[PDB]
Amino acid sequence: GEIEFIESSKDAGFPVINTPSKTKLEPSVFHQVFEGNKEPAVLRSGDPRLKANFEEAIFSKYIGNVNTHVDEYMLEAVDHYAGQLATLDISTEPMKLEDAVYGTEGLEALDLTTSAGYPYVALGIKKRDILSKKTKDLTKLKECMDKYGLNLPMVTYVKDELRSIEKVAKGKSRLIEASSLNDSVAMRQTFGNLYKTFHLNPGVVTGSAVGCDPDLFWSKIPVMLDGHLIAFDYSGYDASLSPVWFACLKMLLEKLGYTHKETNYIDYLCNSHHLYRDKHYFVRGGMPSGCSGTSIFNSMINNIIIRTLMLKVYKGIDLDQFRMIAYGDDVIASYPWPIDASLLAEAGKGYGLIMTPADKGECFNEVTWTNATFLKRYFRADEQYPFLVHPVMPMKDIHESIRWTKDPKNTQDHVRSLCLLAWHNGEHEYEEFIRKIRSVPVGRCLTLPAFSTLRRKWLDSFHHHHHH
């Protein structure tokens, strides 16, 4: 991805986006109880913790584009992955407006708490001023869609979230795009059935984990990925995507039955128009993280990429024996024979991708079930029921999270969520977590689950059939 044109918003009539410059994250009541090194990401140029130029850092992931045609390797990769998706019978029929907006099986209701994007943010019009959970009203939305139309600019925000000491110092804060409510809606109508099918079918057929429930999904992963594991990381995946990968994504959707006109929304994601504060700019390539379906599309593209690299490096590869599960850039895969990921990384580099060893490793080492992580979680077989696998979020991560809050009024939900993550670390670690939480008065005002209850409910969850 690359920035192709920048201008002062006022020269083109756009008002300045008044995006918050102060973090909503504050130290929580548990900040002193637990240890941690993460702090809120830098959100403004003047941050005294900066040790690099902010604006440069944030836009630096737009490393450029490789200007290539869709090659032979890509074509076979698309064909192989389209073959899997075909077995899913994804309907390319538009999703009915109400289903797209207010919720349906496999596609949660449009989040009414996130930004409505442009022009709404400039007019003080919030999603809630247009939409109604209670009434499922669509009259106002339609007025809005007709009045303002589609293909509106995206609003660029700096993601307000915890980051490592090093990422704070380097101003390496993440940018997310707020698609206009009009474009979000039109995209959910166009691809909603694909979103639903993906959400209902995490695994090796969609090659996606988007929308999965790790508590349940983890036990399936080693059944699905039964060869020698393959895993590696990308650096700035989203912004590194060149247009060629979107071209591949468009071919893939066409094989699925989408018309050329329907894939036009992919051009909207690729060659994009943004507002960042007082600037207005155009980008060619790069997935604009935050728009409708970005995790799904990123995941689909990853399926094309990895197959492409294997086909390129290993001419004798048999893709029918390759398996992978992606969540955007995050991947866990397997092949029955050992595969040299450093080789795949060099191939990727020729395609404008930056792949590094898994988990900040120095060498493309062997990935084992002991060291493998996915969605930041390790895999640990239950001691009593070996076929059940615990998703293990490191206690360090749980500690980082508990020390800060964006709204202390949600302490109960926040802590409960962390408890659902923590117990997988074991009874001793859990009792210690709980003891430390209760070492401050707020901790004793909370309804915290008992370990035995967590374990029991986890074991019972595997009893209830799940719709696919």
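Throughout, we count residues from 1 along the sequence that is shown.
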Next item on the list: Can you let me know which of the two, 301-309 or 180-188, has the higher average C-alpha B-factor in the entry?
Entry: 180-188
Checklist line | Stretch with the greater mean C-alpha B-factor as recorded in the entry, comparing 269-277 against 131-139 | finding: 131-139
Next item on the list: Among the candidates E366, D215, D238, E161, give the one with the maximum CA B-factor reported in the record.
Entry: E366
Check: Whose C-alpha has the highest temperature factor in the PDB entry: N264, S173, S219, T294?
Finding: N264
Margin query: Sorting by Cα B-factor within the chain, modelled residues only, which third would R435 end up in: lowest, middle or highest?
Written below: middle
Next item on the list: State the tercile, meaning the lowest, middle or highest third, of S28 with respect to the CA B-factors recorded for its chain.
Entry: middle
Item checked: CA B-factor placement of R444, once the chain's modelled residues are sorted into thirds -> lowest
Note to self: Please place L75 in the lowest, middle or highest third of its chain according to the CA B-factor in the PDB entry.
What the structure shows: highest
Next item on the list: Among all modelled residues of this chain, ranked by Cα B factor, put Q412 in the bottom, middle or top third, i.e. lowest, middle or highest.
Entry: middle
